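*Asks:* I have a structure I would like to understand better, so I am pasting it below and will then ask my questions one at a time.
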Amino acid sequence: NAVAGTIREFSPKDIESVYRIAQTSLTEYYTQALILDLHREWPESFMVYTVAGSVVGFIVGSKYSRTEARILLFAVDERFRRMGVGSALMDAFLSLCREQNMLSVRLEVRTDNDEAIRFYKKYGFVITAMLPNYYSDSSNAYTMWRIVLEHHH
Ligand SMILES: CC(=O)SCCNC(=O)CCNC(=O)[C@H](O)C(C)(C)COP(=O)(O)OP(=O)(O)OC[C@H]1O[C@@H](n2cnc3c(N)ncnc32)[C@H](O)[C@@H]1OP(=O)(O)O
């Protein structure tokens with residue numbers, strides 16, 4: 001309870017913060033209005049990790065299919081990386097999927113991006129395809145995937 005910094009849900013009021021983290025963490029470009037737009041489609045999934053009322057990371061998703069969710073933007077501020085924030089947000093994203101009966105979740109990541117590729121592999125994600133000339137700068141992308149449902153013995 002005493003942990004400093006909790007997960008809340010994005011507000012149009014946080015845009016400059018998120019727009020700043022995305023500029024400085026993602027090679028693909030995202031205008032503020034586009035991010036504000038990605039909100040509208042699945043707002044409840046746009047969540048931020050807040051630390052002394054400063055957004056230090058955010059995730060945001062769409063419903064690709066009635067039951068498959070997709071992760072559109074995921075980023076955490078350099079100065080807070082490895083804090084374990086993005087694990088908060090993924091934990092939270094998955095919980096929300098569990099809640100709205102989304103049975104699996106996909107995403108697309110750059111191929112070169114080893115740092116994240118692991119992060120997701122830590123969370124159970126796996127590679128299913130490679131998307132040729134996917135990004136605007138003509139590099140490729142791995143599509144990663146996992147079921148939501150978990151069991152331990
Ligand atoms: C779909 C899209 O939008 S693409 C997403 C954009 N990709 C990015 O790189 C955005 C900027 N970077 C990130 O957001 C990083 O992936 C982060 C910040 C989420 C990872 O760090 P944080 O969220 O602050 O801490 P987090 O709890 O996520 O650490 C993740 C865990 O995965 C593993 N991990 C994280 N980074 C790495 C790495 N570079 N190499 C190997 N393993 C790693 C670690 O085991 C770590 O847990 P532990 O080190 O505490 O055991």
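Ordering of the structure tokens sets the chain letters (A, B, ...); residue numbers start at 1 within each chain; ligands are numbered from 1 in the order shown.
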Name the residues, by chain letter and number, that sit within 6 Å of ligand 1 using only C-alpha atoms and all ligand atoms, and give them as a VMD selection string.

*Replies:* chain A and resid 25 to 26 71 to 76 80 to 87 107 to 109 115 to 116 118 to 119 122

*Asks:* With only C-alpha atoms as the counted atoms, please give the residues lying no more than 10 Å from residue 14 in chain A, apart from itself and same-chain residues fewer than 4 positions off, as number ranges by chain.

*Replies:* A: 9-10, 18-19, 36, 48, 54-55

*Asks:* With N, CA, C and O atoms retained, write the just-selected residues as a JSON list (two decimals), in the first residue's frame.

*Replies:*
```json
[["chain", "number", "residue", "atom", "x", "y", "z"],
["A", 9, "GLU", "N", -5.66, 5.58, -14.85],
["A", 9, "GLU", "CA", -6.11, 5.56, -16.23],
["A", 9, "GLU", "C", -5.92, 6.89, -16.94],
["A", 9, "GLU", "O", -6.23, 7.94, -16.41],
["A", 10, "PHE", "N", -5.50, 6.85, -18.19],
["A", 10, "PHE", "CA", -5.03, 8.04, -18.88],
["A", 10, "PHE", "C", -6.11, 9.08, -18.87],
["A", 10, "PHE", "O", -7.26, 8.75, -18.84],
["A", 18, "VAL", "N", 2.86, 11.84, -21.98],
["A", 18, "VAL", "CA", 2.90, 10.60, -22.73],
["A", 18, "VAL", "C", 3.56, 10.85, -24.08],
["A", 18, "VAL", "O", 4.36, 10.03, -24.54],
["A", 19, "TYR", "N", 3.24, 12.00, -24.69],
["A", 19, "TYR", "CA", 3.82, 12.39, -25.97],
["A", 19, "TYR", "C", 5.32, 12.53, -25.85],
["A", 19, "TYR", "O", 6.05, 12.28, -26.83],
["A", 36, "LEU", "N", -4.05, 10.93, -28.73],
["A", 36, "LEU", "CA", -5.34, 11.31, -28.19],
["A", 36, "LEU", "C", -6.45, 10.54, -28.88],
["A", 36, "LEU", "O", -7.52, 10.34, -28.30],
["A", 48, "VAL", "N", -1.75, 4.71, -17.16],
["A", 48, "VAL", "CA", -0.47, 5.30, -16.90],
["A", 48, "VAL", "C", -0.02, 4.89, -15.51],
["A", 48, "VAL", "O", -0.86, 4.62, -14.62],
["A", 54, "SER", "N", 3.40, 12.32, -11.61],
["A", 54, "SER", "CA", 4.01, 12.40, -12.93],
["A", 54, "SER", "C", 3.93, 11.05, -13.64],
["A", 54, "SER", "O", 4.30, 10.00, -13.11],
["A", 55, "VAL", "N", 3.42, 11.08, -14.86],
["A", 55, "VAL", "CA", 3.34, 9.89, -15.64],
["A", 55, "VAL", "C", 4.77, 9.52, -15.99],
["A", 55, "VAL", "O", 5.52, 10.31, -16.53]]
```

*Asks:* Could you give me, as a VMD selection string, each residue of range 100-142 of chain A that DSSP assigns to alpha helix (DSSP H) when run on this structure's backbone?

*Replies:* chain A and resid 114 to 122

*Asks:* For those residues, write N, CA, C and O atoms to a file as a short mmCIF file (atom, residue, chain, number, x, y, z; two decimals), in the first residue's frame.

*Replies:*
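Okay, result-v5.cif is ready:
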```cif
data_model
loop_
_atom_site.label_atom_id
_atom_site.label_comp_id
_atom_site.auth_asym_id
_atom_site.auth_seq_id
_atom_site.Cartn_x
_atom_site.Cartn_y
_atom_site.Cartn_z
N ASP A 114 15.76 -5.76 -29.04
CA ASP A 114 16.02 -6.87 -28.13
C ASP A 114 15.52 -6.59 -26.75
O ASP A 114 15.15 -7.49 -26.02
N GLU A 115 15.58 -5.34 -26.33
CA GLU A 115 15.29 -5.08 -24.91
C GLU A 115 13.85 -5.47 -24.58
O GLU A 115 13.58 -6.16 -23.58
N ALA A 116 12.93 -5.03 -25.43
CA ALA A 116 11.52 -5.32 -25.28
C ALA A 116 11.21 -6.76 -25.62
O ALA A 116 10.50 -7.43 -24.86
N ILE A 117 11.73 -7.23 -26.76
CA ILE A 117 11.50 -8.61 -27.20
C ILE A 117 11.68 -9.61 -26.05
O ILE A 117 10.88 -10.55 -25.89
N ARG A 118 12.72 -9.40 -25.26
CA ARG A 118 12.89 -10.15 -24.02
C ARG A 118 11.75 -9.86 -23.05
O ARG A 118 11.05 -10.78 -22.61
N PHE A 119 11.54 -8.58 -22.73
CA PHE A 119 10.51 -8.21 -21.77
C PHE A 119 9.24 -8.99 -22.02
O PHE A 119 8.63 -9.51 -21.08
N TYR A 120 8.83 -9.04 -23.29
CA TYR A 120 7.60 -9.74 -23.64
C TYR A 120 7.81 -11.23 -23.48
O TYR A 120 6.91 -11.91 -22.99
N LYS A 121 9.00 -11.73 -23.87
CA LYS A 121 9.28 -13.18 -23.72
C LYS A 121 9.27 -13.60 -22.25
O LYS A 121 8.88 -14.74 -21.93
N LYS A 122 9.66 -12.67 -21.37
CA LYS A 122 9.51 -12.86 -19.94
C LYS A 122 8.06 -13.02 -19.58
O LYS A 122 7.74 -13.81 -18.70
#
```

*Asks:* Please list as a list in words every residue within 9 Å of residue 4 in chain A, counting only C-alpha atoms and excluding residues in the same chain fewer than 3 positions away.

*Replies:*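 So the residues in contact are residues 1, 50, 51 and 52 of chain A.
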
*Asks:* When distances are computed from only C-alpha atoms, which of A:141, A:15, A:88, A:126 shows the smallest separation from residue 112 in chain A?

*Replies:*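 Closest to residue 112 in chain A of all the choices is A:141.
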
*Asks:* For residue 24 in chain A, find every residue with an atom within 9 Å (counting only C-alpha atoms), except residues of its own chain fewer than 4 positions away, and show them as number ranges by chain.

*Replies:* A: 19-20, 77-78

*Asks:* Kindly export the residues of the current selection with C-alpha atoms, as a short mmCIF file (atom, residue, chain, number, x, y, z; two decimals), in the first residue's frame.

*Replies:*
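Okay, again.cif is ready:
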```
data_model
loop_
_atom_site.label_atom_id
_atom_site.label_comp_id
_atom_site.auth_asym_id
_atom_site.auth_seq_id
_atom_site.Cartn_x
_atom_site.Cartn_y
_atom_site.Cartn_z
CA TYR A 19 3.82 12.39 -25.97
CA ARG A 20 7.21 13.09 -24.40
CA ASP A 77 10.51 6.75 -19.20
CA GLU A 78 14.30 6.09 -19.36
#
```
